[PDB]
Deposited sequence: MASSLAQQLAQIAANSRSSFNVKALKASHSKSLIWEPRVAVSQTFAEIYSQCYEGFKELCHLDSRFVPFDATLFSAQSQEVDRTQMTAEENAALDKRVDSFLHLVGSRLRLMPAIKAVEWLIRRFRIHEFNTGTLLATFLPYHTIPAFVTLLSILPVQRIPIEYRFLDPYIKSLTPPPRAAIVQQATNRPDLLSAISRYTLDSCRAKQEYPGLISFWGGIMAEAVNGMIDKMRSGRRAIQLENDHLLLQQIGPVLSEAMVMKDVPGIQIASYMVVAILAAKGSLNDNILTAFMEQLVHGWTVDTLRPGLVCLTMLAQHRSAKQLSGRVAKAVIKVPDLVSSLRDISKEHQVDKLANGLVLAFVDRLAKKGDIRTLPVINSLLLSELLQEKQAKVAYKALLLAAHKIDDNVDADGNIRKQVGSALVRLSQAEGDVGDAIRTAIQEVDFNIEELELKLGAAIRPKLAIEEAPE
């Protein structure tokens, strides 16, 4: 009947098997999974217990089925990292034969197998799914179900590009895994590549508030750095292709720094350089500035990043953000930051010059503190190289005299 559908035994063998036969063979695969990862052991009392061989799903109430559904979905997230191993296939086999999870859980089953869509096991799964239960967002798989061949990766990409419900479905599954700490590298890479190619597609063709909340939740999964970094890819591509306005570019930066950790710090930094590079506004927000100067030796870090990307607008936005903070609260603590940033040679001439002019008026704007800002103004006007040239030309153009300050600071 439906008893012949199996991942492991061919229909002529599978139709005759008793549940005891299936159980004792699949149970061995599950206990081998337990030896590898203790998180499987809880299920030894539920999905894989001795009682389970006799459990008939159709005699359960609507809650009891829904609780069974949750245990199965949980197990599927856990076993997903090992579907290349035969004991994992054996454990899934048990759920298919005994609880018919290819009928009652076919969306979770499919998403679990999807990162493995190039291995023979995936075609074998396709060959036993009851088509009537395959969710709408996976019916692009129909030609591979009839031909029993692996779907190329560009079929998945192209369907996710063109039909957001697959994309939304891959993302939801990936994030439920992360939240449950059942993620694994292949899942993070797979969701990352699908999301990158798709979003690159979605915009390429149209020359996006559905995936916003996904990127934002990923950017703050501190316990899952791979998901954070992979979301840095997508957020990179988005901004690098004119696709966002200044206020939403800022909120991505704000969310990035709000969730980044030491393990994600460098890729997060190059992502910040790209975000700001495509802002039309110049002055970065306070929240990003305060967080970006906590990088140990920020200047040398942006100089390293500058051998592949452009760093000048991140640098510029920082200085103005700190100049602005001094103009508005007279905080001398900003002067080491401004000074090391101005002299860094990461700004360009006119950036430096409006930076310096703005610094002058920031000094003017507050009514000791005049001692150190003045001294900082003067030290900068004497700087040895290009930045000093710009600072001096900028002092000529503003009709400001350093000298009376140079002398009044002396006295």
Practice problem: Show which contiguous pieces of the deposited sequence have no C-alpha coordinates, counting from residue 1. | Solution: 1-26, 234-247, 408-414, 459-471
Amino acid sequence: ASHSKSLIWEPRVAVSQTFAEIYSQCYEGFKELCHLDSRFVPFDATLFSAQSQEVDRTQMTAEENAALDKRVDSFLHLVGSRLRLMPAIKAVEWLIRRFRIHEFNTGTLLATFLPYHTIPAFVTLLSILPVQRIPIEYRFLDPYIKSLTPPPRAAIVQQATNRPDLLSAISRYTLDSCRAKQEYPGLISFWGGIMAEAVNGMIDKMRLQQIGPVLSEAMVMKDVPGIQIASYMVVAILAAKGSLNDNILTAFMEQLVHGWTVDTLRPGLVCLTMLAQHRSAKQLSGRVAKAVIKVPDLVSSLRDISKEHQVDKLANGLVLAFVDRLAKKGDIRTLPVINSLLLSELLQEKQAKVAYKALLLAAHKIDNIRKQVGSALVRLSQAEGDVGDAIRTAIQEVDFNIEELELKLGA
From here on, numbers count along this sequence of modelled residues.
Quiz item: So which stretch wins on mean C-alpha B-factor, 393-401 or 7-15?
Solution: 393-401
Quiz item: 370-378 versus 38-46: which one carries the higher mean Cα B factor per the record?
Solution: 370-378
Self-check item: Out of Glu137, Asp73, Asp246, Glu93, highest CA B-factor residue
Solution: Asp246
Exercise. Have a look at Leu302, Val123, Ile170, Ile203 and flag the one whose Cα has the highest B-factor in the entry.
Key: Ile203
Quiz item: Against its chain's modelled residues, does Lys307's Cα B factor rank lowest, middle or highest third?
Solution: highest
Quiz item: Which third, lowest, middle or highest, does the CA B-factor of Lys282 fall in along this chain?
Solution: highest
Practice problem: Please place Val199 in the lowest, middle or highest third of its chain by C-alpha B factor as given in the entry. | Solution: highest
Self-check item: Third of the chain's Cα B-factor distribution that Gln228 belongs to, per the entry
Solution: lowest
Exercise. Looking at the entry's B-factor column for C-alpha atoms only, identify whether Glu103 ranks in the lowest, middle or highest third of its chain.
Key: lowest
